[PDB]
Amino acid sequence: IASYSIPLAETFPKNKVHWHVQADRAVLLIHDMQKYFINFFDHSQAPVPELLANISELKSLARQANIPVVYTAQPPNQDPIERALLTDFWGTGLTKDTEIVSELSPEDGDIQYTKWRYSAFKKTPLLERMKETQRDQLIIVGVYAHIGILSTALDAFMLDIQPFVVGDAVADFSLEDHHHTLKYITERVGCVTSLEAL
């Protein structure tokens, strides 16, 4: 909610692992970049405008590389039995603003999955399609870093998908959460990368 600056690549923690994204093995996951969740920042205020610039930039590189683009999004007016224990933590869920943000709207060839849990693997065909297409690297962007981003990355790593969390193309509740996720990713589950390194 309160304005902060996306960390600079030199401030990212060091990686344990020496992975490298290859476009035949890769998918770009654009995680929960719905207007409902970006509303909780001030759009005009950091980290939003840099966030929206680097994801648009990276998506653009994906179509060029024919790296698939998958959008995840939570559906409005969820069945309380289907939302289950998130309600205990987040209320009854979103009713409005379900679409992707304007400057990241999906164009024709992209894919949109309905997202039921922190992890984008739960109850989606993401894993099976990635197995089918022989893609085993997941490049992750969006919000929020220490919740959905972190959980998707943990799931990916455990299902043998190399997750690449893009440090400067995610945002979070706070610079502290933001820095905390990247430290956690770099130390236990994957690779923290940058738009320029990518």
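All residue numbers are counted from 1 along the displayed sequence.
Look at the C-alpha B-factors of 55 to 63 and of 136 to 144. On average they run higher in 55 to 63.
Stretches 22 to 30 and 151 to 159 differ in mean CA B factor, with 22 to 30 having the higher one. The PDB entry gives the largest Cα B-factor of the residues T72, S119, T87, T124 to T87. Annotation for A46: C-alpha temperature factor in the middle third relative to the rest of the modelled chain, per the entry. Remark: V170 belongs to the lowest third of its chain, ranked by C-alpha B-factor as recorded.
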